[PDB]
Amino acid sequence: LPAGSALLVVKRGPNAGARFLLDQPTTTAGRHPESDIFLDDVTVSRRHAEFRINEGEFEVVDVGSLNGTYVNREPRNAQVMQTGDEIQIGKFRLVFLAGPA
């Protein structure tokens, strides 16, 4: 992992094994075709969550999803993520891993 970045790895879901680099201030996650992290399932809202970098601090922010964004099984409006945290969006379960400072 490049310095200052982080990674999300899909552990459960139709694209299990897939993984996405977080290396910009805002990364969108949803079913909208232009989502940075495109999670294509009915359980996922068009705009579901955003992952922010502020600053050396990675945060997930639920942006008004229908069925919630879960961090370690608990729904959150916003939550600063720590390595090994499981993020659930619809049926997709991902794990967060921080890169170098």
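So that there is no doubt, residue numbering starts at 1 and follows the sequence shown.
47-55 and 63-71 differ in mean CA B-factor, and the higher of the two is recorded for 47-55. By the numbers in the PDB entry, the CA B factor is greatest at 80 among 87, 22, 80, 16. Looking at the C-alpha B-factors along this chain, the one for residue 101 belongs to the highest third. For residue 1, the recorded CA B-factor ranks within the highest third of the chain. Only modelled residues enter the ranking.
Residue 12 sits in the lowest third of its chain by CA B factor, as recorded in the PDB entry. Remark: residue 42 belongs to the highest third of its chain, ranked by C-alpha B-factor as recorded. Among the modelled residues of the chain, residue 76 sits in the lowest third by CA temperature factor in this PDB entry.
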